[PDB]
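*Asks:* Have a peek at coords_31.cif (mmCIF, C-alpha atoms and all ligand atoms).
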data_my_file
#
loop_
_atom_site.label_atom_id
_atom_site.label_comp_id
_atom_site.auth_asym_id
_atom_site.auth_seq_id
_atom_site.Cartn_x
_atom_site.Cartn_y
_atom_site.Cartn_z
CA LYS A 3 10.61 -1.36 -12.83
CA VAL A 4 7.69 -0.36 -10.60
CA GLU A 5 8.38 -0.74 -6.88
CA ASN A 6 5.50 -1.77 -4.58
CA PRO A 7 2.66 -2.07 -7.12
CA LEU A 8 0.30 -2.95 -4.25
CA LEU A 9 1.09 0.21 -2.28
CA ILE A 10 0.84 2.52 -5.28
CA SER A 11 -2.46 0.94 -6.38
CA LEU A 12 -4.03 1.14 -2.90
CA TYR A 13 -2.87 4.75 -2.57
CA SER A 14 -4.25 5.53 -6.04
CA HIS A 15 -7.60 4.27 -4.73
CA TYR A 16 -7.33 6.52 -1.66
CA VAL A 17 -6.47 9.56 -3.83
CA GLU A 18 -9.37 8.84 -6.19
CA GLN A 19 -11.78 8.67 -3.25
CA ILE A 20 -10.51 11.88 -1.63
CA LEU A 21 -10.72 13.76 -4.94
CA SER A 22 -14.28 12.54 -5.45
CA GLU A 23 -15.21 13.62 -1.91
CA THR A 24 -13.56 17.05 -1.70
CA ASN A 25 -14.58 20.28 -3.43
CA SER A 26 -11.14 21.82 -4.03
CA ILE A 27 -7.51 20.90 -4.64
CA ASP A 28 -6.55 22.64 -1.38
CA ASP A 29 -8.87 20.48 0.73
CA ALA A 30 -7.71 17.35 -1.11
CA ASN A 31 -4.12 18.24 -0.17
CA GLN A 32 -5.09 18.72 3.47
CA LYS A 33 -7.03 15.43 3.56
CA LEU A 34 -4.01 13.54 2.23
CA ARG A 35 -1.85 15.21 4.90
CA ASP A 36 -4.34 14.14 7.57
CA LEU A 37 -4.28 10.55 6.28
CA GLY A 38 -0.49 10.52 6.54
CA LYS A 39 -0.60 11.93 10.07
CA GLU A 40 -3.02 9.18 11.10
CA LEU A 41 -0.75 6.47 9.66
CA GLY A 42 2.47 7.88 11.15
CA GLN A 43 2.02 6.14 14.51
CA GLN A 44 1.62 2.61 13.18
CA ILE A 45 4.37 3.22 10.62
CA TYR A 46 6.62 4.38 13.46
CA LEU A 47 5.96 1.26 15.53
CA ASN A 48 6.33 -1.24 12.66
CA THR A 49 9.72 0.13 11.64
CA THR A 55 19.26 8.60 21.85
CA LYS A 56 19.26 10.65 25.06
CA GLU A 57 17.66 14.01 24.20
CA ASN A 58 15.43 15.45 21.48
CA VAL A 59 17.35 16.80 18.49
CA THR A 60 16.97 20.50 17.69
CA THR A 61 19.40 21.69 15.02
CA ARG A 62 18.52 21.69 11.32
CA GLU A 63 21.50 19.42 10.63
CA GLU A 64 20.23 16.87 13.17
CA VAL A 65 16.74 17.21 11.71
CA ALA A 66 18.08 16.61 8.20
CA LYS A 67 19.99 13.55 9.39
CA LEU A 68 16.86 12.18 11.07
CA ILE A 69 14.93 12.83 7.85
CA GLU A 70 17.56 10.92 5.87
CA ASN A 71 17.35 8.04 8.36
CA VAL A 72 13.53 7.96 8.21
CA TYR A 73 13.66 8.00 4.41
CA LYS A 74 16.16 5.12 4.42
CA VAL A 75 13.92 3.19 6.79
CA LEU A 76 10.72 3.70 4.78
CA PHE A 77 12.08 3.55 1.22
CA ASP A 78 15.35 1.54 1.38
CA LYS A 79 17.28 4.52 -0.01
CA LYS A 80 18.51 8.02 0.66
CA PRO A 81 16.61 11.06 -0.64
CA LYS A 82 17.79 12.64 -3.88
CA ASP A 83 18.50 15.84 -1.96
CA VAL A 84 18.05 17.24 1.55
CA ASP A 85 18.46 21.00 1.36
CA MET A 86 18.89 23.46 4.24
CA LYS A 87 19.85 26.46 2.09
CA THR A 88 17.13 27.52 -0.37
CA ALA A 89 14.19 28.35 1.89
CA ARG A 90 15.81 29.09 5.31
CA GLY A 91 14.03 27.95 8.45
CA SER A 92 12.99 24.84 6.53
CA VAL A 93 14.40 21.65 5.03
CA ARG A 94 13.46 20.70 1.47
CA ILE A 95 13.41 16.97 0.66
CA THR A 96 13.74 15.99 -3.01
CA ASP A 97 13.16 12.52 -4.46
CA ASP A 98 13.47 11.81 -8.18
CA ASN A 99 11.80 8.38 -7.96
CA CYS A 100 9.03 8.88 -5.40
CA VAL A 101 7.34 5.59 -4.61
CA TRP A 102 3.86 7.13 -4.36
CA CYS A 103 3.52 8.60 -7.87
CA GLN A 104 5.37 6.07 -10.05
CA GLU A 105 3.94 6.14 -13.60
CA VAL A 106 1.24 8.63 -12.49
CA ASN A 107 0.58 11.39 -15.05
CA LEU A 108 -2.20 13.85 -14.20
CA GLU A 109 -3.18 16.74 -16.47
CA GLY A 110 -4.47 20.13 -15.39
CA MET A 111 -3.69 19.38 -11.73
CA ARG A 112 -0.70 21.58 -10.92
CA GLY A 113 -0.95 22.56 -7.27
CA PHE A 114 -2.42 19.19 -6.30
CA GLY A 115 0.08 17.41 -4.08
CA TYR A 116 -0.60 13.82 -5.14
CA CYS A 117 1.99 12.61 -2.61
CA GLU A 118 0.93 14.70 0.44
CA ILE A 119 0.43 11.49 2.46
CA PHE A 120 4.18 11.62 2.99
CA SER A 121 3.91 15.17 4.32
CA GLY A 122 1.62 13.81 7.02
CA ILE A 123 3.75 10.73 7.74
CA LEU A 124 6.88 12.84 8.16
CA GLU A 125 5.11 15.45 10.31
CA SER A 126 3.86 12.76 12.71
CA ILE A 127 7.22 10.97 12.89
CA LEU A 128 9.00 14.25 13.64
CA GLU A 129 6.41 15.05 16.31
CA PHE A 130 7.11 11.69 17.96
CA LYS A 131 10.81 12.61 18.05
CA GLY A 132 10.22 15.99 19.72
CA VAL A 133 10.41 18.02 16.49
CA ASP A 134 7.39 20.26 15.85
CA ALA A 135 7.01 21.01 12.15
CA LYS A 136 4.61 21.72 9.31
CA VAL A 137 5.12 19.80 6.06
CA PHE A 138 3.57 20.36 2.64
CA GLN A 139 4.39 19.03 -0.82
CA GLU A 140 6.20 21.65 -2.89
CA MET A 141 5.87 19.72 -6.13
CA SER A 142 4.98 16.31 -7.56
CA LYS A 143 6.13 14.41 -10.63
CA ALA A 144 2.50 13.22 -10.85
CA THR A 145 1.52 16.75 -11.95
CA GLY A 146 4.40 17.38 -14.38
CA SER A 147 7.47 18.20 -12.27
CA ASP A 148 10.74 16.36 -12.80
CA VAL A 149 10.97 15.38 -9.10
CA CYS A 150 8.93 15.33 -5.90
CA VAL A 151 9.71 17.92 -3.22
CA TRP A 152 8.31 18.23 0.31
CA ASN A 153 8.94 21.30 2.48
CA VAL A 154 9.53 20.78 6.22
CA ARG A 155 9.11 24.03 8.17
CA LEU A 156 10.33 23.98 11.77
CA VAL A 157 7.73 25.81 13.84
CA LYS B 3 10.86 -7.30 10.73
CA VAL B 4 7.41 -6.36 9.44
CA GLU B 5 7.50 -6.48 5.65
CA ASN B 6 6.04 -3.52 3.73
CA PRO B 7 5.06 -1.30 6.71
CA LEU B 8 3.55 1.40 4.48
CA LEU B 9 1.24 -1.05 2.69
CA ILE B 10 0.26 -2.75 5.96
CA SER B 11 -0.55 0.53 7.71
CA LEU B 12 -2.58 1.86 4.78
CA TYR B 13 -4.52 -1.41 4.53
CA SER B 14 -4.98 -1.36 8.34
CA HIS B 15 -6.55 2.09 8.00
CA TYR B 16 -8.83 0.87 5.19
CA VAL B 17 -10.09 -2.25 7.04
CA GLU B 18 -10.58 -0.13 10.18
CA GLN B 19 -12.86 2.32 8.39
CA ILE B 20 -14.44 -0.60 6.48
CA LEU B 21 -15.25 -2.13 9.88
CA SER B 22 -16.72 1.16 11.14
CA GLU B 23 -19.17 1.67 8.21
CA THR B 24 -20.43 -1.57 6.64
CA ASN B 25 -23.60 -3.39 7.71
CA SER B 26 -22.71 -6.96 8.68
CA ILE B 27 -19.40 -8.90 8.31
CA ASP B 28 -19.90 -10.64 4.97
CA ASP B 29 -20.53 -7.38 3.11
CA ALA B 30 -17.29 -6.10 4.64
CA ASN B 31 -15.65 -9.10 2.98
CA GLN B 32 -17.37 -8.10 -0.26
CA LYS B 33 -16.13 -4.51 0.06
CA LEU B 34 -12.59 -5.82 0.54
CA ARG B 35 -12.96 -8.14 -2.46
CA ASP B 36 -14.22 -5.20 -4.51
CA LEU B 37 -11.25 -3.08 -3.45
CA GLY B 38 -8.98 -5.95 -4.43
CA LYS B 39 -10.65 -6.31 -7.82
CA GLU B 40 -10.11 -2.62 -8.55
CA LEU B 41 -6.46 -2.92 -7.48
CA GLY B 42 -6.05 -6.02 -9.65
CA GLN B 43 -7.61 -4.27 -12.63
CA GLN B 44 -5.06 -1.50 -12.20
CA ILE B 45 -2.32 -4.04 -11.43
CA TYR B 46 -2.43 -6.04 -14.67
CA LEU B 47 -1.28 -2.96 -16.63
CA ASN B 48 1.84 -1.78 -14.78
CA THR B 49 3.56 -5.01 -15.58
CA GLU B 50 5.71 -7.17 -13.45
CA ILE B 51 3.11 -9.81 -14.38
CA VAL B 52 2.96 -9.48 -18.18
CA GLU B 53 6.60 -10.54 -18.60
CA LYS B 54 6.48 -13.42 -16.09
CA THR B 55 3.44 -15.39 -17.32
CA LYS B 56 1.37 -16.38 -20.35
CA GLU B 57 -1.44 -14.39 -21.95
CA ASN B 58 -3.89 -17.30 -22.30
CA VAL B 59 -4.53 -19.70 -19.39
CA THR B 60 -7.00 -22.60 -19.44
CA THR B 61 -5.92 -25.98 -18.04
CA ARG B 62 -5.61 -26.82 -14.35
CA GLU B 63 -1.81 -26.97 -14.59
CA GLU B 64 -1.87 -23.55 -16.29
CA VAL B 65 -4.05 -22.20 -13.47
CA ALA B 66 -1.75 -23.47 -10.72
CA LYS B 67 1.28 -22.09 -12.56
CA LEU B 68 -0.47 -18.73 -12.95
CA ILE B 69 -1.32 -18.56 -9.25
CA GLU B 70 2.31 -19.30 -8.34
CA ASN B 71 3.71 -16.76 -10.81
CA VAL B 72 1.31 -14.05 -9.63
CA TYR B 73 2.20 -14.75 -6.00
CA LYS B 74 5.93 -14.59 -6.76
CA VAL B 75 5.44 -11.32 -8.63
CA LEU B 76 3.26 -9.56 -6.06
CA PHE B 77 4.79 -10.91 -2.84
CA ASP B 78 8.28 -12.07 -3.96
CA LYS B 79 7.60 -15.62 -2.75
CA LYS B 80 5.57 -18.60 -3.71
CA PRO B 81 2.80 -19.65 -1.29
CA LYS B 82 3.16 -22.41 1.26
CA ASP B 83 0.62 -24.57 -0.56
CA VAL B 84 -1.29 -24.58 -3.85
CA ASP B 85 -3.66 -27.56 -3.62
CA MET B 86 -5.74 -28.42 -6.70
CA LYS B 87 -9.08 -29.94 -5.60
CA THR B 88 -10.20 -31.56 -8.85
CA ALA B 89 -13.18 -33.34 -7.28
CA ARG B 90 -14.40 -29.97 -5.97
CA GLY B 91 -13.28 -27.84 -8.92
CA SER B 92 -11.28 -25.54 -6.67
CA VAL B 93 -7.79 -24.44 -5.66
CA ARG B 94 -6.74 -23.97 -2.02
CA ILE B 95 -4.00 -21.38 -1.46
CA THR B 96 -2.18 -21.48 1.89
CA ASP B 97 0.27 -18.84 3.11
CA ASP B 98 1.82 -18.86 6.60
CA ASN B 99 3.35 -15.36 6.24
CA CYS B 100 0.64 -13.34 4.50
CA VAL B 101 1.70 -9.73 4.06
CA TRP B 102 -1.73 -8.28 4.84
CA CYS B 103 -2.27 -9.48 8.43
CA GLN B 104 1.25 -9.25 9.87
CA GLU B 105 1.10 -8.84 13.66
CA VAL B 106 -2.68 -8.28 13.51
CA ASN B 107 -4.61 -9.89 16.37
CA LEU B 108 -8.38 -9.36 16.26
CA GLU B 109 -10.49 -10.82 19.06
CA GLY B 110 -13.60 -12.87 18.31
CA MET B 111 -13.96 -11.95 14.63
CA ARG B 112 -13.68 -15.38 13.01
CA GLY B 113 -15.38 -15.32 9.64
CA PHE B 114 -14.08 -11.83 8.87
CA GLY B 115 -11.72 -12.15 5.91
CA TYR B 116 -9.17 -9.55 6.96
CA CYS B 117 -7.12 -10.40 3.85
CA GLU B 118 -9.94 -10.62 1.24
CA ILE B 119 -8.25 -7.89 -0.81
CA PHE B 120 -6.08 -10.67 -2.22
CA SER B 121 -9.23 -12.58 -3.14
CA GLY B 122 -10.22 -9.59 -5.27
CA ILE B 123 -6.74 -9.14 -6.75
CA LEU B 124 -6.41 -12.80 -7.72
CA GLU B 125 -9.95 -12.97 -9.10
CA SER B 126 -9.27 -9.95 -11.32
CA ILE B 127 -5.93 -11.35 -12.53
CA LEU B 128 -7.19 -14.89 -13.20
CA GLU B 129 -10.19 -13.29 -14.95
CA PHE B 130 -7.91 -11.12 -17.10
CA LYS B 131 -6.21 -14.32 -18.32
CA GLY B 132 -9.46 -16.10 -19.20
CA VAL B 133 -10.34 -17.94 -15.97
CA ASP B 134 -13.76 -17.29 -14.46
CA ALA B 135 -13.27 -17.75 -10.72
CA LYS B 136 -14.79 -16.84 -7.36
CA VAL B 137 -12.21 -16.31 -4.62
CA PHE B 138 -12.93 -16.05 -0.90
CA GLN B 139 -10.85 -16.32 2.27
CA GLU B 140 -11.48 -19.22 4.66
CA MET B 141 -9.07 -18.43 7.50
CA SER B 142 -6.78 -15.56 8.46
CA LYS B 143 -4.02 -15.30 11.05
CA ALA B 144 -5.54 -11.91 11.91
CA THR B 145 -8.50 -13.72 13.53
CA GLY B 146 -6.61 -16.55 15.28
CA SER B 147 -5.69 -19.18 12.69
CA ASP B 148 -2.11 -20.33 12.09
CA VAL B 149 -2.28 -19.66 8.33
CA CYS B 150 -4.17 -17.64 5.77
CA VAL B 151 -6.19 -19.67 3.26
CA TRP B 152 -8.01 -18.59 0.10
CA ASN B 153 -10.38 -20.68 -2.05
CA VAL B 154 -10.45 -20.27 -5.84
CA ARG B 155 -13.73 -21.71 -7.15
CA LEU B 156 -13.30 -22.43 -10.86
CA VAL B 157 -16.29 -21.73 -13.12
ZN ZN C 201 5.73 11.59 -5.62
ZN ZN C 202 -3.51 -12.73 5.92
#
Translate this file's structure into structure tokens.
*Replies:*
Amino acid sequence: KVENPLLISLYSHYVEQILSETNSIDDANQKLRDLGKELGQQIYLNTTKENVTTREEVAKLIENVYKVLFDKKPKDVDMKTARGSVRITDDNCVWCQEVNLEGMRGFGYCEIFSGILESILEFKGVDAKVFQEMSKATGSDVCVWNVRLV
Amino acid sequence: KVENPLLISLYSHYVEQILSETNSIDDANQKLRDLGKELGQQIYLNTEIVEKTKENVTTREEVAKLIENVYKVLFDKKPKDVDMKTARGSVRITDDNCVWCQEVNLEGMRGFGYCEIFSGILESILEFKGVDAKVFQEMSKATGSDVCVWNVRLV
């Protein structure tokens, strides 16, 4: 049923602490992003000829990174809706399984992945900004992260 | 292949900051046990455990069976050794492939229980099933030993 109970419980603890420490939902989001960026290096180590540049190559690399971290492909990788960005959709996000928060729309419970993906892309020569577009933890049907190529 | 890289990296961040802040070394172990007890409190309710064990545990055989079932639920394997020390009223848990300290190599930190979070988790779970215990880590591959070992003191 629930995949990686240990990871989701430890991350729940991290989210609880950040929420208790910050003074706004915006800053909580940014702190979770920063956490993910800090972890990206170690995650990259524990897991060809020229840096990729096209959005199709970026989307393929995103699919490969998602397979490597989560043993599966993303529900959707979309290069059409937003333009200049790639939207990653997952209907069974590992981070927010069974998490139901009320009155917290706009809080990206799963922004750690924004940071992880931003750091991994940076290591591969892809400069980007990533934020969580929506989270099932706050009522959405899926989780969506927005990767903007800068 | 490092198992569970996300969990390991997040726990590596937590121990790093919990080695930058705390006073001594033993209170760092207590902070890690406390973290583990919170995680175990949360863990008994999203249930891969409730289906795979009994609600009420008392006897020594029940305790050993509970430790093995909890290990197989949380880590998808049973530990290398579960040794019941009846004359000491304890249980020694040995694991040669602990998930927490994979590829961790800390210099001159013997006595630091890098993997005490499991002490907290197990203490909370045993407690939830009616077993008053005190769990602490005796050795950790992260600090130079060949195995990780935890001690369940039964009270
Ligand atoms: Zn999510
Ligand atoms: Zn260990």
*Asks:* 8 Å from ligand ZN 201 (chain C) is the threshold here; counting only C-alpha atoms and all ligand atoms, which polymer residues fall inside it? Answer as a list in words.
*Replies:*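 Protein and nucleic-acid residues within 8 Å of ligand ZN 201 (chain C): residues 97, 99, 100, 101, 102, 103, 104, 116, 117, 142, 143, 144, 149, 150 and 151 of chain A.
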*Asks:* The selected residues should be written to file as an mmCIF file, keeping the file's coordinate frame (atoms: C-alpha atoms).
*Replies:*
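part_39.cif was written with the following content:
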data_model
loop_
_atom_site.group_PDB
_atom_site.id
_atom_site.type_symbol
_atom_site.label_atom_id
_atom_site.label_comp_id
_atom_site.auth_asym_id
_atom_site.auth_seq_id
_atom_site.Cartn_x
_atom_site.Cartn_y
_atom_site.Cartn_z
ATOM 1 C CA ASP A 97 13.160 12.520 -4.460
ATOM 2 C CA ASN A 99 11.800 8.380 -7.960
ATOM 3 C CA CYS A 100 9.030 8.880 -5.400
ATOM 4 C CA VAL A 101 7.340 5.590 -4.610
ATOM 5 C CA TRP A 102 3.860 7.130 -4.360
ATOM 6 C CA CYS A 103 3.520 8.600 -7.870
ATOM 7 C CA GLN A 104 5.370 6.070 -10.050
ATOM 8 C CA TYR A 116 -0.600 13.820 -5.140
ATOM 9 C CA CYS A 117 1.990 12.610 -2.610
ATOM 10 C CA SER A 142 4.980 16.310 -7.560
ATOM 11 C CA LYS A 143 6.130 14.410 -10.630
ATOM 12 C CA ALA A 144 2.500 13.220 -10.850
ATOM 13 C CA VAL A 149 10.970 15.380 -9.100
ATOM 14 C CA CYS A 150 8.930 15.330 -5.900
ATOM 15 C CA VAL A 151 9.710 17.920 -3.220
#
*Asks:* Given a cut-off of 9 Å, what residues near ligand ZN 202 (chain C) show up using only C-alpha atoms and all ligand atoms, put as a PyMOL selection string?
*Replies:* chain B and resi 97-104+106+115-118+120+139+141-144+149-151
*Asks:* Identify every residue of chain A that has at least one atom within 12 Å of any atom of chain B, counting all atoms listed in the file, and report the result as JSON, numbers by chain.
*Replies:* {"A": [3, 4, 5, 6, 7, 8, 9, 10, 11, 12, 13, 14, 15, 16, 18, 19, 37, 38, 39, 40, 41, 42, 43, 44, 45, 46, 47, 48, 49, 75, 76, 77, 78, 101, 102, 104, 105, 106, 119, 120, 123]}
*Asks:* Can you pull out every residue within 10 Å of residue 63 (chain A), counting all atoms listed in the file, but drop anything in the same chain fewer than 6 positions away, and send it as number ranges by chain?
*Replies:* A: 69, 84-86, 93
*Asks:* Report, in Å to a single decimal, how far apart CA of residue 28 (chain B) and CA of residue 107 (chain B) are.
*Replies:*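 Taking CA of residue 107 (chain B) and CA of residue 28 (chain B), their separation equals 19.1 Å.
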*Asks:* Between CA of residue 113 (chain A) and CA of residue 20 (chain A), what distance in Å does the model show, to one decimal?
*Replies:*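 CA of residue 20 (chain A) lies at a distance of 15.4 Å from CA of residue 113 (chain A).
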*Asks:* Please determine an axis-aligned box that encloses all atoms of region 103-121 of chain B listed in the file, with 6 Å added on each side, and express its centre and edge lengths in Å to one decimal as AutoDock Vina command-line options.
*Replies:*
--center_x -7.1 --center_y -11.6 --center_z 8.0 --size_x 28.6 --size_y 19.5 --size_z 34.2
*Asks:* Report, in Å to a single decimal, how far apart CA of residue 19 (chain B) and CA of residue 153 (chain B) are.
*Replies:*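 Computing the Euclidean distance for CA of residue 153 (chain B) and CA of residue 19 (chain B) yields 25.4 Å.
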*Asks:* Kindly extract all protein, DNA and RNA residues lying within 12 Å of the coordinates (-1.8, -19.1, -13.1) given in the file, considering all atoms listed in the file, and supply them as a ChimeraX atom specification.
*Replies:* /B:51-52,54-75,80,84,86,93,124-133,135,154
*Asks:* When you look at region 20-27 of chain B with a cut-off of 10 Å (counting all atoms listed in the file), what residues show up, excluding the ones that are within fewer than 3 positions of it in the same chain? I need them as a PDB file with C-alpha atoms, in the coordinates of the input.
*Replies:*
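To be explicit, this is the file written out as out.pdb:
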ATOM      1  CA  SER B  14      -4.980  -1.360   8.340  1.00  0.00           C
ATOM      2  CA  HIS B  15      -6.550   2.090   8.000  1.00  0.00           C
ATOM      3  CA  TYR B  16      -8.830   0.870   5.190  1.00  0.00           C
ATOM      4  CA  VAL B  17     -10.090  -2.250   7.040  1.00  0.00           C
ATOM      5  CA  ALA B  30     -17.290  -6.100   4.640  1.00  0.00           C
ATOM      6  CA  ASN B  31     -15.650  -9.100   2.980  1.00  0.00           C
ATOM      7  CA  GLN B  32     -17.370  -8.100  -0.260  1.00  0.00           C
ATOM      8  CA  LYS B  33     -16.130  -4.510   0.060  1.00  0.00           C
ATOM      9  CA  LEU B  34     -12.590  -5.820   0.540  1.00  0.00           C
ATOM     10  CA  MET B 111     -13.960 -11.950  14.630  1.00  0.00           C
ATOM     11  CA  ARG B 112     -13.680 -15.380  13.010  1.00  0.00           C
ATOM     12  CA  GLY B 113     -15.380 -15.320   9.640  1.00  0.00           C
ATOM     13  CA  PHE B 114     -14.080 -11.830   8.870  1.00  0.00           C
ATOM     14  CA  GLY B 115     -11.720 -12.150   5.910  1.00  0.00           C
TER      15      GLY B 115
END
*Asks:* As a PDB file, in the coordinates of the input, please: region 88-106 of chain A completed to N, CA, C and O atoms.
*Replies:*
ATOM      1  N   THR A  88      17.972  26.736   0.529  1.00  0.00           N
ATOM      2  CA  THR A  88      17.130  27.520  -0.370  1.00  0.00           C
ATOM      3  C   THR A  88      16.099  28.344   0.392  1.00  0.00           C
ATOM      4  O   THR A  88      15.963  29.551   0.163  1.00  0.00           O
ATOM      5  N   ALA A  89      15.361  27.711   1.302  1.00  0.00           N
ATOM      6  CA  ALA A  89      14.190  28.350   1.890  1.00  0.00           C
ATOM      7  C   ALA A  89      14.460  29.022   3.236  1.00  0.00           C
ATOM      8  O   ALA A  89      13.779  30.001   3.561  1.00  0.00           O
ATOM      9  N   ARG A  90      15.426  28.525   4.014  1.00  0.00           N
ATOM     10  CA  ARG A  90      15.810  29.090   5.310  1.00  0.00           C
ATOM     11  C   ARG A  90      14.705  28.963   6.353  1.00  0.00           C
ATOM     12  O   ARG A  90      13.579  29.428   6.149  1.00  0.00           O
ATOM     13  N   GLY A  91      15.031  28.352   7.489  1.00  0.00           N
ATOM     14  CA  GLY A  91      14.030  27.950   8.450  1.00  0.00           C
ATOM     15  C   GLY A  91      13.279  26.697   8.065  1.00  0.00           C
ATOM     16  O   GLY A  91      12.331  26.321   8.765  1.00  0.00           O
ATOM     17  N   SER A  92      13.670  26.042   6.976  1.00  0.00           N
ATOM     18  CA  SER A  92      12.990  24.840   6.530  1.00  0.00           C
ATOM     19  C   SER A  92      13.979  23.947   5.797  1.00  0.00           C
ATOM     20  O   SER A  92      15.045  24.386   5.357  1.00  0.00           O
ATOM     21  N   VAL A  93      13.605  22.678   5.687  1.00  0.00           N
ATOM     22  CA  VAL A  93      14.400  21.650   5.030  1.00  0.00           C
ATOM     23  C   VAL A  93      13.580  21.109   3.867  1.00  0.00           C
ATOM     24  O   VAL A  93      12.437  20.676   4.051  1.00  0.00           O
ATOM     25  N   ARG A  94      14.152  21.148   2.671  1.00  0.00           N
ATOM     26  CA  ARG A  94      13.460  20.700   1.470  1.00  0.00           C
ATOM     27  C   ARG A  94      13.985  19.323   1.076  1.00  0.00           C
ATOM     28  O   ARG A  94      15.194  19.145   0.886  1.00  0.00           O
ATOM     29  N   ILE A  95      13.077  18.355   0.971  1.00  0.00           N
ATOM     30  CA  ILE A  95      13.410  16.970   0.660  1.00  0.00           C
ATOM     31  C   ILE A  95      12.985  16.695  -0.774  1.00  0.00           C
ATOM     32  O   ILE A  95      11.813  16.882  -1.130  1.00  0.00           O
ATOM     33  N   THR A  96      13.936  16.246  -1.589  1.00  0.00           N
ATOM     34  CA  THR A  96      13.740  15.990  -3.010  1.00  0.00           C
ATOM     35  C   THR A  96      13.989  14.523  -3.294  1.00  0.00           C
ATOM     36  O   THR A  96      14.998  13.962  -2.846  1.00  0.00           O
ATOM     37  N   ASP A  97      13.077  13.916  -4.050  1.00  0.00           N
ATOM     38  CA  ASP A  97      13.160  12.520  -4.460  1.00  0.00           C
ATOM     39  C   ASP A  97      12.797  12.448  -5.932  1.00  0.00           C
ATOM     40  O   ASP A  97      11.723  12.910  -6.329  1.00  0.00           O
ATOM     41  N   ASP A  98      13.693  11.890  -6.745  1.00  0.00           N
ATOM     42  CA  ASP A  98      13.470  11.810  -8.180  1.00  0.00           C
ATOM     43  C   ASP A  98      12.720  10.551  -8.596  1.00  0.00           C
ATOM     44  O   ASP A  98      12.299  10.457  -9.754  1.00  0.00           O
ATOM     45  N   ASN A  99      12.549   9.591  -7.688  1.00  0.00           N
ATOM     46  CA  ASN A  99      11.800   8.380  -7.960  1.00  0.00           C
ATOM     47  C   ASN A  99      10.892   8.076  -6.762  1.00  0.00           C
ATOM     48  O   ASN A  99      10.982   7.038  -6.115  1.00  0.00           O
ATOM     49  N   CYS A 100      10.010   9.028  -6.466  1.00  0.00           N
ATOM     50  CA  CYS A 100       9.030   8.880  -5.400  1.00  0.00           C
ATOM     51  C   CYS A 100       8.216   7.605  -5.575  1.00  0.00           C
ATOM     52  O   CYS A 100       7.707   7.322  -6.660  1.00  0.00           O
ATOM     53  N   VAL A 101       8.084   6.836  -4.493  1.00  0.00           N
ATOM     54  CA  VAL A 101       7.340   5.590  -4.610  1.00  0.00           C
ATOM     55  C   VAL A 101       5.857   5.852  -4.867  1.00  0.00           C
ATOM     56  O   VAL A 101       5.203   5.077  -5.572  1.00  0.00           O
ATOM     57  N   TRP A 102       5.312   6.952  -4.344  1.00  0.00           N
ATOM     58  CA  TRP A 102       3.860   7.130  -4.360  1.00  0.00           C
ATOM     59  C   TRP A 102       3.329   7.376  -5.774  1.00  0.00           C
ATOM     60  O   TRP A 102       2.256   6.875  -6.135  1.00  0.00           O
ATOM     61  N   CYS A 103       4.057   8.134  -6.594  1.00  0.00           N
ATOM     62  CA  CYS A 103       3.520   8.600  -7.870  1.00  0.00           C
ATOM     63  C   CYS A 103       4.172   7.945  -9.081  1.00  0.00           C
ATOM     64  O   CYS A 103       4.141   8.518 -10.176  1.00  0.00           O
ATOM     65  N   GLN A 104       4.752   6.758  -8.921  1.00  0.00           N
ATOM     66  CA  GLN A 104       5.370   6.070 -10.050  1.00  0.00           C
ATOM     67  C   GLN A 104       4.361   5.870 -11.179  1.00  0.00           C
ATOM     68  O   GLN A 104       3.269   5.338 -10.960  1.00  0.00           O
ATOM     69  N   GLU A 105       4.735   6.303 -12.385  1.00  0.00           N
ATOM     70  CA  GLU A 105       3.940   6.140 -13.600  1.00  0.00           C
ATOM     71  C   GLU A 105       2.603   6.886 -13.537  1.00  0.00           C
ATOM     72  O   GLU A 105       1.691   6.594 -14.317  1.00  0.00           O
ATOM     73  N   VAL A 106       2.462   7.848 -12.626  1.00  0.00           N
ATOM     74  CA  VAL A 106       1.240   8.630 -12.490  1.00  0.00           C
ATOM     75  C   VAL A 106       1.418   9.928 -13.276  1.00  0.00           C
ATOM     76  O   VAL A 106       2.368  10.683 -13.036  1.00  0.00           O
TER      77      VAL A 106
END
